[PDB]
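*Asks:* A single structure is presented below for examination.
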Amino acid sequence: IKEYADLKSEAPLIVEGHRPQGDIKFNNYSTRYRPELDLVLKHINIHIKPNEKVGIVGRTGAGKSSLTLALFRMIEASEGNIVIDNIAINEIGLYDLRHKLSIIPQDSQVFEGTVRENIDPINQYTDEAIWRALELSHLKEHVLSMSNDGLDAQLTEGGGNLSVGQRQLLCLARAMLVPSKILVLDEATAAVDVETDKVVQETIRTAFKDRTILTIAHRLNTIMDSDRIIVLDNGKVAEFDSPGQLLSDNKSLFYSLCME
């Protein structure tokens, strides 16, 4: 027990510096997936518009997954830094950093309890906010199917578990319930219900029409629908980021990926 009681913490949760829209600005940021591994991000300096919708693509093993971890400081930066809203990611403190942002993970999960608790464990949203978020996510209707408890209807890891593709919709519902200043997205590595995919893609853009959506894609269609796309490979941005100009003219690897 003391063996884990002695573990080195990831980072201080709260710091003196705190913020009061959005911003994403790499500043020669570079990072390795782990200290024992070589670098996975190399001197990125990209800047994203305050309400931009952007897409990240790459080959299998390109290292693009680490972008979310670095943006959430899940991995400490090997070099360089990032700034959001004129405040560095390190200064704000991890608690506030993760509270102000939002993200759909590669794999979402269900927690044993209630949907209301599994969506607002912090208990910081109004009941009308919860209802409106579930409705805008097109989730309240199927939520009411389980039991008369509605928002308080139970759920569990097994037996009382939801649809495998419904998990990602629920995570998106949580993200849209949160008043996020910035957002991120991800998709199932394996094949999933295209109905759920369309529902998520429609609702995310319809809700966060005024908030940033930087998405990581396993299918290039989301890159096509993104206002800006940057392809990443070998720990480096692989081309001049554009909405499809390189696909139109250069026939770049971005075009080859959409061909594939």
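Just so we're on the same page: first chain in the structure tokens is A, next is B, and so on; residues restart at 1 for each chain, and ligands are numbered from 1 in the order they show up.
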Neighbouring residues of residue 220 of chain A were defined as those with any atom within 12 Å, considering only C-alpha atoms; residues of the same chain fewer than 4 positions away were excluded. Please report them as a PyMOL selection string.
*Replies:* chain A and resi 55-59+187+215-216+224-226+229-231+244+247+253-260
*Asks:* Next, write the just-selected residues to a file, as an mmCIF file, in the first residue's frame, keeping N, CA, C and O atoms as the atom set.
*Replies:*
data_model
loop_
_atom_site.group_PDB
_atom_site.id
_atom_site.type_symbol
_atom_site.label_atom_id
_atom_site.label_comp_id
_atom_site.auth_asym_id
_atom_site.auth_seq_id
_atom_site.Cartn_x
_atom_site.Cartn_y
_atom_site.Cartn_z
ATOM 1 N N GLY A 55 -9.173 19.825 -38.227
ATOM 2 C CA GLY A 55 -9.047 18.377 -38.279
ATOM 3 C C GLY A 55 -7.598 17.946 -38.321
ATOM 4 O O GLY A 55 -6.757 18.608 -38.927
ATOM 5 N N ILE A 56 -7.314 16.830 -37.655
ATOM 6 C CA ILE A 56 -5.987 16.226 -37.624
ATOM 7 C C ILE A 56 -6.087 14.833 -38.227
ATOM 8 O O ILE A 56 -6.980 14.057 -37.869
ATOM 9 N N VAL A 57 -5.173 14.518 -39.146
ATOM 10 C CA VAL A 57 -5.145 13.220 -39.804
ATOM 11 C C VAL A 57 -3.703 12.744 -39.906
ATOM 12 O O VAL A 57 -2.754 13.527 -39.816
ATOM 13 N N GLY A 58 -3.548 11.442 -40.098
ATOM 14 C CA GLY A 58 -2.225 10.868 -40.258
ATOM 15 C C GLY A 58 -2.326 9.376 -40.470
ATOM 16 O O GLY A 58 -3.389 8.768 -40.306
ATOM 17 N N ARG A 59 -1.190 8.794 -40.846
ATOM 18 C CA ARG A 59 -1.092 7.354 -41.015
ATOM 19 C C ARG A 59 -1.180 6.654 -39.662
ATOM 20 O O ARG A 59 -1.028 7.267 -38.603
ATOM 21 N N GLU A 187 -13.011 9.795 -32.618
ATOM 22 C CA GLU A 187 -13.951 8.826 -33.161
ATOM 23 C C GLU A 187 -13.472 7.419 -32.839
ATOM 24 O O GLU A 187 -12.305 7.192 -32.508
ATOM 25 N N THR A 215 -10.721 18.378 -34.074
ATOM 26 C CA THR A 215 -11.059 16.964 -34.060
ATOM 27 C C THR A 215 -9.903 16.135 -34.594
ATOM 28 O O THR A 215 -9.147 16.587 -35.455
ATOM 29 N N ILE A 216 -9.768 14.925 -34.061
ATOM 30 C CA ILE A 216 -8.845 13.921 -34.573
ATOM 31 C C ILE A 216 -9.683 12.855 -35.259
ATOM 32 O O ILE A 216 -10.693 12.402 -34.708
ATOM 33 N N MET A 224 -12.725 16.395 -44.223
ATOM 34 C CA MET A 224 -13.343 17.116 -45.328
ATOM 35 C C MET A 224 -14.306 18.177 -44.816
ATOM 36 O O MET A 224 -14.344 19.296 -45.340
ATOM 37 N N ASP A 225 -15.081 17.851 -43.785
ATOM 38 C CA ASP A 225 -16.037 18.806 -43.240
ATOM 39 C C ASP A 225 -15.392 19.837 -42.323
ATOM 40 O O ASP A 225 -16.084 20.757 -41.871
ATOM 41 N N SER A 226 -14.097 19.712 -42.041
ATOM 42 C CA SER A 226 -13.422 20.633 -41.139
ATOM 43 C C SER A 226 -12.944 21.871 -41.885
ATOM 44 O O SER A 226 -12.406 21.779 -42.991
ATOM 45 N N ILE A 229 -7.580 21.634 -42.106
ATOM 46 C CA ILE A 229 -7.054 20.291 -41.896
ATOM 47 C C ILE A 229 -5.535 20.341 -41.965
ATOM 48 O O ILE A 229 -4.962 20.963 -42.865
ATOM 49 N N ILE A 230 -4.889 19.685 -41.007
ATOM 50 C CA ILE A 230 -3.438 19.558 -40.970
ATOM 51 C C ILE A 230 -3.098 18.088 -40.781
ATOM 52 O O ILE A 230 -3.557 17.459 -39.821
ATOM 53 N N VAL A 231 -2.297 17.549 -41.682
ATOM 54 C CA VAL A 231 -1.889 16.153 -41.623
ATOM 55 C C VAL A 231 -0.603 16.060 -40.819
ATOM 56 O O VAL A 231 0.320 16.865 -40.997
ATOM 57 N N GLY A 244 -8.316 22.006 -47.769
ATOM 58 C CA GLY A 244 -8.469 21.107 -48.895
ATOM 59 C C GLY A 244 -7.813 21.661 -50.141
ATOM 60 O O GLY A 244 -7.967 21.113 -51.236
ATOM 61 N N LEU A 247 -5.397 19.072 -51.398
ATOM 62 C CA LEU A 247 -6.116 18.023 -52.109
ATOM 63 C C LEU A 247 -6.544 18.501 -53.490
ATOM 64 O O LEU A 247 -6.521 17.732 -54.459
ATOM 65 N N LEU A 253 -0.340 13.764 -49.756
ATOM 66 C CA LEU A 253 -0.709 12.592 -48.974
ATOM 67 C C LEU A 253 -2.069 12.769 -48.318
ATOM 68 O O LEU A 253 -2.759 11.783 -48.052
ATOM 69 N N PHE A 254 -2.468 14.012 -48.040
ATOM 70 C CA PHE A 254 -3.831 14.257 -47.581
ATOM 71 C C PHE A 254 -4.840 13.796 -48.622
ATOM 72 O O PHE A 254 -5.872 13.207 -48.285
ATOM 73 N N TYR A 255 -4.551 14.055 -49.899
ATOM 74 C CA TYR A 255 -5.409 13.558 -50.967
ATOM 75 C C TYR A 255 -5.333 12.039 -51.071
ATOM 76 O O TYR A 255 -6.348 11.379 -51.310
ATOM 77 N N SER A 256 -4.134 11.473 -50.910
ATOM 78 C CA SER A 256 -3.986 10.020 -50.960
ATOM 79 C C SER A 256 -4.769 9.334 -49.848
ATOM 80 O O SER A 256 -5.302 8.236 -50.045
ATOM 81 N N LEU A 257 -4.841 9.961 -48.675
ATOM 82 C CA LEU A 257 -5.592 9.391 -47.563
ATOM 83 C C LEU A 257 -7.085 9.377 -47.861
ATOM 84 O O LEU A 257 -7.767 8.376 -47.614
ATOM 85 N N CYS A 258 -7.616 10.486 -48.388
ATOM 86 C CA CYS A 258 -9.021 10.514 -48.780
ATOM 87 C C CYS A 258 -9.302 9.584 -49.952
ATOM 88 O O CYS A 258 -10.431 9.099 -50.088
ATOM 89 N N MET A 259 -8.300 9.338 -50.799
ATOM 90 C CA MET A 259 -8.421 8.319 -51.836
ATOM 91 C C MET A 259 -8.524 6.931 -51.223
ATOM 92 O O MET A 259 -9.283 6.082 -51.704
ATOM 93 N N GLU A 260 -7.754 6.680 -50.171
ATOM 94 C CA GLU A 260 -7.780 5.399 -49.485
ATOM 95 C C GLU A 260 -9.081 5.231 -48.706
ATOM 96 O O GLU A 260 -9.493 6.125 -47.968
#
*Asks:* With a distance cut-off of 6 Å and only C-alpha atoms, select the neighbouring residues of residue 213 of chain A, excluding the residue or stretch itself and same-chain residues fewer than 5 positions from it, and output the selection as a ChimeraX atom specification.
*Replies:* /A:53,183-184
*Asks:* Quick one: everything within 12 Å of residue 141 of chain A, counting only C-alpha atoms, minus sequence neighbours fewer than 5 positions away in the same chain. Send it as a list in words.
*Replies:*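 With the cut-off at 12 Å, the set is residues 131, 132, 133, 134, 135, 136, 146, 147, 148, 150 and 151 of chain A.
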*Asks:* With distances taken over only C-alpha atoms, which residue among A:23, A:76, A:195, A:186 lies nearest residue 52 of chain A?
*Replies:*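 When distances to residue 52 of chain A are compared using only C-alpha atoms, the smallest one comes from A:23.
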*Asks:* What lies within 9 Å of residue 78 of chain A using only C-alpha atoms, ignoring chain neighbours under 5 positions off, as a list in words?
*Replies:* residues 29, 30, 31, 32, 35, 39, 41 and 42 of chain A
*Asks:* Applying 10 Å and only C-alpha atoms, which residues near residue 110 of chain A remain after dropping the ones on its own chain fewer than 5 positions away? List them as a tab-separated table (two decimals) with N, CA, C and O atoms, in the first residue's frame.
*Replies:*
chain	number	residue	atom	x	y	z
A	115	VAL	N	-27.45	8.11	-15.05
A	115	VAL	CA	-27.04	8.97	-16.15
A	115	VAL	C	-26.85	10.40	-15.66
A	115	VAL	O	-25.89	11.08	-16.04
A	118	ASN	N	-23.65	10.18	-13.89
A	118	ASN	CA	-22.55	9.90	-14.81
A	118	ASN	C	-22.30	11.03	-15.79
A	118	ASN	O	-21.31	10.99	-16.52
A	119	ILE	N	-23.18	12.03	-15.82
A	119	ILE	CA	-23.03	13.18	-16.70
A	119	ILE	C	-22.68	14.44	-15.92
A	119	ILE	O	-21.90	15.26	-16.39
A	155	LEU	N	-27.78	2.85	-14.67
A	155	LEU	CA	-26.92	2.31	-15.71
A	155	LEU	C	-25.75	1.63	-15.02
A	155	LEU	O	-25.39	1.96	-13.89
A	156	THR	N	-25.13	0.68	-15.73
A	156	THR	CA	-24.06	-0.11	-15.14
A	156	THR	C	-23.11	-0.58	-16.23
A	156	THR	O	-23.37	-0.41	-17.42
A	157	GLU	N	-21.99	-1.17	-15.79
A	157	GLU	CA	-21.01	-1.68	-16.74
A	157	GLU	C	-21.52	-2.90	-17.50
A	157	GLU	O	-21.11	-3.13	-18.64
A	158	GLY	N	-22.41	-3.67	-16.90
A	158	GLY	CA	-22.93	-4.87	-17.55
A	158	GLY	C	-24.38	-5.08	-17.20
A	158	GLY	O	-24.86	-4.64	-16.15
A	161	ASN	N	-26.16	-1.92	-19.15
A	161	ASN	CA	-25.25	-1.13	-19.95
A	161	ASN	C	-25.94	-0.62	-21.20
A	161	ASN	O	-26.90	-1.22	-21.70
A	162	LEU	N	-25.44	0.50	-21.72
A	162	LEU	CA	-26.01	1.13	-22.89
A	162	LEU	C	-25.40	0.54	-24.16
A	162	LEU	O	-24.60	-0.39	-24.13
A	164	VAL	N	-23.03	0.14	-27.36
A	164	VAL	CA	-21.59	0.37	-27.51
A	164	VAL	C	-21.34	1.67	-28.25
A	164	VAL	O	-20.43	2.44	-27.90
A	166	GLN	N	-23.54	4.05	-28.24
A	166	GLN	CA	-24.21	5.10	-27.47
A	166	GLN	C	-23.26	5.73	-26.46
A	166	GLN	O	-23.52	6.84	-25.98
A	167	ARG	N	-22.19	5.03	-26.09
A	167	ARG	CA	-21.22	5.58	-25.16
A	167	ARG	C	-20.60	6.87	-25.68
A	167	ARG	O	-20.47	7.86	-24.95
A	168	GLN	N	-20.20	6.88	-26.95
A	168	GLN	CA	-19.59	8.09	-27.51
A	168	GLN	C	-20.60	9.22	-27.60
A	168	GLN	O	-20.26	10.38	-27.36
A	170	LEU	N	-23.03	9.62	-25.50
A	170	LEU	CA	-23.16	10.10	-24.13
A	170	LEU	C	-22.00	11.00	-23.74
A	170	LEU	O	-22.18	12.01	-23.05
A	171	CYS	N	-20.78	10.64	-24.15
A	171	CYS	CA	-19.63	11.50	-23.87
A	171	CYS	C	-19.79	12.85	-24.55
A	171	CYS	O	-19.49	13.89	-23.96
*Asks:* May I have the residues within 7 Å of segment 87-99 of chain A as a PyMOL selection string, using only C-alpha atoms and disregarding those fewer than 4 positions away in the same chain?
*Replies:* chain A and resi 12-15+17-19+72+82-83
*Asks:* Could you give me, as a ChimeraX atom specification, the residues within 10 Å of residue 75 of chain A, counting only C-alpha atoms and dropping anything in the same chain fewer than 2 positions from it?
*Replies:* /A:10-11,31-35,66-73,77-78
*Asks:* Keeping N, CA, C and O atoms for every residue in the selection just given, could you write it to a file as a PDB file, in the first residue's frame?
*Replies:*
ATOM      1  N   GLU A  10       1.220  13.471 -11.086  1.00  0.00           N
ATOM      2  CA  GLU A  10       1.333  13.943 -12.464  1.00  0.00           C
ATOM      3  C   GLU A  10       1.723  15.415 -12.515  1.00  0.00           C
ATOM      4  O   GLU A  10       2.685  15.788 -13.195  1.00  0.00           O
ATOM      5  N   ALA A  11       1.000  16.261 -11.782  1.00  0.00           N
ATOM      6  CA  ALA A  11       1.257  17.695 -11.727  1.00  0.00           C
ATOM      7  C   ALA A  11       0.364  18.317 -10.667  1.00  0.00           C
ATOM      8  O   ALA A  11      -0.672  17.739 -10.320  1.00  0.00           O
ATOM      9  N   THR A  31       7.276  16.929 -27.616  1.00  0.00           N
ATOM     10  CA  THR A  31       6.930  16.030 -26.529  1.00  0.00           C
ATOM     11  C   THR A  31       7.179  14.596 -26.961  1.00  0.00           C
ATOM     12  O   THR A  31       7.124  14.269 -28.150  1.00  0.00           O
ATOM     13  N   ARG A  32       7.469  13.751 -25.980  1.00  0.00           N
ATOM     14  CA  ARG A  32       7.578  12.317 -26.180  1.00  0.00           C
ATOM     15  C   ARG A  32       6.384  11.651 -25.517  1.00  0.00           C
ATOM     16  O   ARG A  32       5.866  12.152 -24.515  1.00  0.00           O
ATOM     17  N   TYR A  33       5.924  10.544 -26.102  1.00  0.00           N
ATOM     18  CA  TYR A  33       4.811   9.812 -25.509  1.00  0.00           C
ATOM     19  C   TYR A  33       5.112   9.442 -24.064  1.00  0.00           C
ATOM     20  O   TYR A  33       4.251   9.566 -23.187  1.00  0.00           O
ATOM     21  N   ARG A  34       6.331   8.991 -23.800  1.00  0.00           N
ATOM     22  CA  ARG A  34       6.794   8.696 -22.455  1.00  0.00           C
ATOM     23  C   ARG A  34       8.266   9.057 -22.379  1.00  0.00           C
ATOM     24  O   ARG A  34       8.930   9.183 -23.414  1.00  0.00           O
ATOM     25  N   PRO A  35       8.805   9.250 -21.171  1.00  0.00           N
ATOM     26  CA  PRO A  35      10.244   9.542 -21.061  1.00  0.00           C
ATOM     27  C   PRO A  35      11.122   8.466 -21.673  1.00  0.00           C
ATOM     28  O   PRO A  35      12.170   8.784 -22.249  1.00  0.00           O
ATOM     29  N   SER A  66      -1.195  11.516 -29.423  1.00  0.00           N
ATOM     30  CA  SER A  66      -0.528  12.220 -28.338  1.00  0.00           C
ATOM     31  C   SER A  66      -0.887  13.697 -28.298  1.00  0.00           C
ATOM     32  O   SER A  66      -0.607  14.360 -27.297  1.00  0.00           O
ATOM     33  N   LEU A  67      -1.471  14.233 -29.373  1.00  0.00           N
ATOM     34  CA  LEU A  67      -1.841  15.644 -29.384  1.00  0.00           C
ATOM     35  C   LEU A  67      -2.866  15.954 -28.303  1.00  0.00           C
ATOM     36  O   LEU A  67      -2.772  16.982 -27.627  1.00  0.00           O
ATOM     37  N   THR A  68      -3.853  15.074 -28.124  1.00  0.00           N
ATOM     38  CA  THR A  68      -4.839  15.280 -27.067  1.00  0.00           C
ATOM     39  C   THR A  68      -4.197  15.206 -25.690  1.00  0.00           C
ATOM     40  O   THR A  68      -4.472  16.044 -24.824  1.00  0.00           O
ATOM     41  N   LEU A  69      -3.332  14.213 -25.471  1.00  0.00           N
ATOM     42  CA  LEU A  69      -2.670  14.085 -24.180  1.00  0.00           C
ATOM     43  C   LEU A  69      -1.821  15.311 -23.876  1.00  0.00           C
ATOM     44  O   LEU A  69      -1.835  15.824 -22.752  1.00  0.00           O
ATOM     45  N   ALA A  70      -1.084  15.802 -24.870  1.00  0.00           N
ATOM     46  CA  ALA A  70      -0.281  17.000 -24.670  1.00  0.00           C
ATOM     47  C   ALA A  70      -1.161  18.217 -24.421  1.00  0.00           C
ATOM     48  O   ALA A  70      -0.847  19.050 -23.564  1.00  0.00           O
ATOM     49  N   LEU A  71      -2.269  18.338 -25.157  1.00  0.00           N
ATOM     50  CA  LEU A  71      -3.164  19.469 -24.960  1.00  0.00           C
ATOM     51  C   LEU A  71      -3.796  19.440 -23.579  1.00  0.00           C
ATOM     52  O   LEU A  71      -4.113  20.497 -23.022  1.00  0.00           O
ATOM     53  N   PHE A  72      -3.983  18.251 -23.015  1.00  0.00           N
ATOM     54  CA  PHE A  72      -4.490  18.094 -21.661  1.00  0.00           C
ATOM     55  C   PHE A  72      -3.372  17.898 -20.647  1.00  0.00           C
ATOM     56  O   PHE A  72      -3.651  17.594 -19.483  1.00  0.00           O
ATOM     57  N   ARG A  73      -2.116  18.047 -21.069  1.00  0.00           N
ATOM     58  CA  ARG A  73      -0.954  17.888 -20.196  1.00  0.00           C
ATOM     59  C   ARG A  73      -0.915  16.505 -19.555  1.00  0.00           C
ATOM     60  O   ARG A  73      -0.322  16.318 -18.492  1.00  0.00           O
ATOM     61  N   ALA A  77       5.525  18.246 -21.525  1.00  0.00           N
ATOM     62  CA  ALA A  77       6.171  18.647 -22.767  1.00  0.00           C
ATOM     63  C   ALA A  77       7.676  18.442 -22.680  1.00  0.00           C
ATOM     64  O   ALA A  77       8.314  18.861 -21.711  1.00  0.00           O
ATOM     65  N   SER A  78       8.247  17.795 -23.696  1.00  0.00           N
ATOM     66  CA  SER A  78       9.697  17.656 -23.740  1.00  0.00           C
ATOM     67  C   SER A  78      10.367  19.013 -23.913  1.00  0.00           C
ATOM     68  O   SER A  78      11.429  19.265 -23.332  1.00  0.00           O
TER      69      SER A  78
END
*Asks:* To one decimal in Å, tell me the separation between atom CA of residue 51 of chain A and atom CA of residue 212 of chain A.
*Replies:*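 Between atom CA of residue 51 of chain A and atom CA of residue 212 of chain A the gap is 4.3 Å.
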*Asks:* Report as a ChimeraX atom specification: the residues of segment 22-182 of chain A with a DSSP assignment of strand (DSSP E), based on the backbone of this structure.
*Replies:* /A:24-32,39-44,47-48,53-57,79-84,87-88,113-114,154-155,182
*Asks:* Give me a file of those residues, with C-alpha atoms, as a JSON list (two decimals), in the first residue's frame.
*Replies:*
[["chain", "number", "residue", "atom", "x", "y", "z"],
["A", 24, "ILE", "CA", -4.87, 27.24, -29.25],
["A", 25, "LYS", "CA", -1.26, 28.24, -29.90],
["A", 26, "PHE", "CA", 1.69, 25.88, -29.93],
["A", 27, "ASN", "CA", 5.06, 27.54, -29.31],
["A", 28, "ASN", "CA", 7.78, 25.19, -30.55],
["A", 29, "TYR", "CA", 6.11, 22.56, -28.38],
["A", 30, "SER", "CA", 7.68, 19.11, -28.56],
["A", 31, "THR", "CA", 6.93, 16.03, -26.53],
["A", 32, "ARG", "CA", 7.58, 12.32, -26.18],
["A", 39, "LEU", "CA", 9.73, 12.26, -29.20],
["A", 40, "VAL", "CA", 6.15, 12.11, -30.46],
["A", 41, "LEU", "CA", 5.62, 15.85, -31.08],
["A", 42, "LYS", "CA", 8.41, 17.99, -32.56],
["A", 43, "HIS", "CA", 8.50, 21.79, -32.37],
["A", 44, "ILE", "CA", 4.92, 22.48, -33.39],
["A", 47, "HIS", "CA", -2.07, 28.68, -34.10],
["A", 48, "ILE", "CA", -5.81, 27.98, -34.31],
["A", 53, "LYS", "CA", -13.15, 23.94, -36.69],
["A", 54, "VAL", "CA", -10.01, 21.94, -37.45],
["A", 55, "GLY", "CA", -9.05, 18.38, -38.28],
["A", 56, "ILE", "CA", -5.99, 16.23, -37.62],
["A", 57, "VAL", "CA", -5.14, 13.22, -39.80],
["A", 79, "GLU", "CA", 10.30, 21.24, -24.87],
["A", 80, "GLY", "CA", 8.42, 24.42, -25.70],
["A", 81, "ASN", "CA", 4.97, 25.33, -24.43],
["A", 82, "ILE", "CA", 1.43, 26.27, -25.44],
["A", 83, "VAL", "CA", -0.81, 29.26, -24.69],
["A", 84, "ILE", "CA", -4.61, 29.53, -24.51],
["A", 87, "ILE", "CA", -2.36, 32.14, -20.39],
["A", 88, "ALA", "CA", 0.07, 29.27, -20.66],
["A", 113, "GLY", "CA", -24.80, 4.67, -11.20],
["A", 114, "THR", "CA", -27.23, 7.05, -12.89],
["A", 154, "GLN", "CA", -29.80, 3.50, -13.53],
["A", 155, "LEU", "CA", -26.92, 2.31, -15.71],
["A", 182, "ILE", "CA", -12.75, 25.02, -26.21]]
